[PDB]
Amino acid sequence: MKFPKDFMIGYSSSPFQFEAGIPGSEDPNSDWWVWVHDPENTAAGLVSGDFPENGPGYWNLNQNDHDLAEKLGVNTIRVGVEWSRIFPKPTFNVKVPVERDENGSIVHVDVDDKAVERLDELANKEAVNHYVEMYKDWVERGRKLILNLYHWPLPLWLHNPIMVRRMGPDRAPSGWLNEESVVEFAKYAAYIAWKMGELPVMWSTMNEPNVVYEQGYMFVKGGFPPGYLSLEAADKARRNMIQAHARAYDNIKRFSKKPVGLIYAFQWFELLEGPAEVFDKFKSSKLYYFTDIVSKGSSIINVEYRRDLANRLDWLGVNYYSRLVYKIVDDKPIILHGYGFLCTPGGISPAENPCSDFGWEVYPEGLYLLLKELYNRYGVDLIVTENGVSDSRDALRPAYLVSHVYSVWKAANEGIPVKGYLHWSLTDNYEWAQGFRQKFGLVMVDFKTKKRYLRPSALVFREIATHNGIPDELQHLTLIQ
């Protein structure tokens, strides 16, 4: 009931949700910053009203959190870098060659040493140096760092969310709806690879890209920018994000021969008795479309094979929280509320499973099933880059932690190459549109004083990290809540 020698155990974080908190560390130059400070979004209830500047303040407290992490047995951490802190001003003018196929696809972006030297002139050195400083503080402790380049926020010069909602995508800097975002992201990737390449053991181009376009252009009641309902816009954004990844991959490899992958949000799909295999297609079209393209260069019923997109997934980051259950075959399976992410805060699902403060059903088995299926589908190394639960009372986290770590063990014990488990957040943080009311930390944070408090789950985590597995004395928590 122990993991391999070099198995990575730790947690993940993002720039936007943890950095700000102490005066002077804000990043007012991103779409998300403007979006959550917007009066109309607030009045409408799209955003909670809480501010990132009142966050945990990792930008200033990094050293103390790293010590806390180390005290709990964290040996590996996955972090990101804000595009907008690195390039507050537009990088549009740094030309760079861009190869386009017959259909307008950006099959190649060439960012050479001169371009990088030029980008380095536009970059915000204070931020760049501060990132190296924070991450070097963790790495020089003899610990591993996984660096993710993108975790949602976009620079305002690239995306003006408010203007996109009022005027339409065609009359405003439209973020991922602007194909040039691909080129700019590629330049940003090369620069980071060249500047911080020595720090990480692995790279990740982006975090849950699917959530960005699904929330921003489909599930608009979720409060994600630009909140512009349009399936057409969603597909466009998805398309450019897939390209942005492929191009970022090429450019990172030019300055860093380290593994380059992608962190993705996977819900474990499920349905009726033996309805049909029409579900498999369903899953291929919505759940596995994106990772299929960036690995195989194609997807379901679509001969198209793009070489510039294929073979660009050295490892796969798995963010797992719960499941999604559907009904009916026909040609349209439908979502059943009361299951997975569609439960009530603190409630119980029809399957007798407890639900988080977010109203997400605790379902550890899904992680097990997800991992096996991913490996059979892609055969690539996997890392649980995110797994946790909104639970301010810590009434679920302890069991939730042991349950999912077990599912990971079970998968590894069966040969699945899962290289590590990273818990979502060591500390509470800014839960995007939801604000601070959603607490995922193993460590509670008083956002007024910025003090960190250990929740009992944190103690449980230390036992697991220290034992590099689940000690017999904690085997009972592989069950439920």
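Residue indices: 1-based, along the sequence shown.
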Of 250 to 258 and 378 to 386, the stretch whose C-alpha atoms average the higher B-factor in the entry: 250 to 258
Hey, which bit's got the bigger mean C-alpha B factor in the entry, 454 to 462 or 467 to 475? 467 to 475
Note to self: of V443, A412, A43, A69, the C-alpha temperature factor tops out at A412
For the C-alpha B-factor as written in the entry, point me to the maximum among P398, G317, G274, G73. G274
By its CA B factor, does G222 count among the lowest, middle or highest third of the modelled residues in the chain? lowest
For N124, return the chain-relative third of its C-alpha B-factor as stated in the PDB record: lowest, middle or highest. highest
Of the three thirds of its chain by CA temperature factor, lowest, middle or highest, which one includes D101? highest
Sorting the chain's modelled residues by C-alpha B-factor and splitting them into thirds places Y213 in the lowest
When the deposited Cα B-factors of this chain's modelled residues are ordered and cut into thirds, is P200 in the lowest, the middle or the highest one? middle
